[PDB]
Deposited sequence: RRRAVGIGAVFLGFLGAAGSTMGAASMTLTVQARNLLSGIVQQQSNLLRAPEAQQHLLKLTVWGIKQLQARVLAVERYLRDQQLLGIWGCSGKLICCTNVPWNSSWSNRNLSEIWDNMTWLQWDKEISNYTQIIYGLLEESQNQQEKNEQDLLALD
């Protein structure tokens, strides 16, 4: 057990062992200063859960999607990504491609939401 953010320097393969360690630490006039910080934490947490919900990833720490990895975002092979890089290095590389990926995940789920909805009526 490494602790909160302990696997920050680990490789992304090894850092994915401990997603639940970081996940559980995101939730928990002077009274107002503390009180506004609590509300900010709650709504920041709920926006990330809402994003997972609209991608069909709610309640999952690791979620598989139906969006193929465009090589424009990163052309590096699978081996030099999960065994050589850390999550901090990776976030800086696809920072500009993050928003276009988020839209693709949202568009892939609502396509699946209806394709399952249509097939379920047969």
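Sequence ranges 1 to 10, 39 to 61, 156 have no coordinates in this entry (deposited sequence, numbered from 1, C-alpha basis).
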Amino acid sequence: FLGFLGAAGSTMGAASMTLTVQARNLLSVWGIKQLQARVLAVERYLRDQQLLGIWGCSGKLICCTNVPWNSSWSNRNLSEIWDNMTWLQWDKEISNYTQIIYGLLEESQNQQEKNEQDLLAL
From here on, numbers count along this sequence of modelled residues.
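By rigid core we mean the largest C-alpha set that fits within 1.5 Å across both forms.
In terms of root mean square C-alpha deviation after superposing on the rigid core in 6 other deposited structures of this protein, the stretch standing farther out between 57 to 65 and 29 to 37 is 29 to 37.
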